[PDB]
Amino acid sequence: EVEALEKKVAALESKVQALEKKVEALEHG
Amino acid sequence: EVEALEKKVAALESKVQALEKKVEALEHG
Amino acid sequence: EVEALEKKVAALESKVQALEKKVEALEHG
């Protein structure tokens, strides 16, 4: 379970960093 | 702790998938 | 590893809540 959580968490961090930048282009900055 | 992390991670995946689509309507696609 | 996952997950929840609100200003609401 821990290794599985590790993969899910790494994927989420990747998606969230991309989302953060996408939105940054639309507002604030 | 692991089960608790599992629930938090599943919730985040759900929120991130919805956010991804919301933003998709605004930009690229 | 578990404590490390805890920190990554807490950070993600924080970022996702902020993103959710940012986007809310742009669409639906």
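Within every chain, numbering begins at 1; the chains are lettered A, B, ... in the order of the sequence lines, protein sequences first and strands thereafter. What's counted below: heavy atoms across the whole structure, side chains too, no hydrogens, waters or symmetry copies.
- Taking every heavy atom of both residues into account, B/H28 and A/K22 meet most closely at CB-NZ, 4.3 Å.
- Annotation for A/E20: atom CD counts as buried by contact number, over 12 foreign heavy atoms lying within 6.0 Å.
- The local environment of CD in A/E27 is crowded, with over 12 non-hydrogen atoms from other residues, nucleotides or ligands closer than 6.0 Å.
- Nearest heavy atoms, B/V2 versus A/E1: CG1-OE1, 3.6 Å.
- Taking A/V9, A/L26, A/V23, A/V16 one by one and counting their heavy-atom pairs under 4.5 Å with chain B, the maximum is reached by A/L26.
- Nearest heavy-atom pair across A/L12 and B/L12 is CD1-CB, 3.9 Å.
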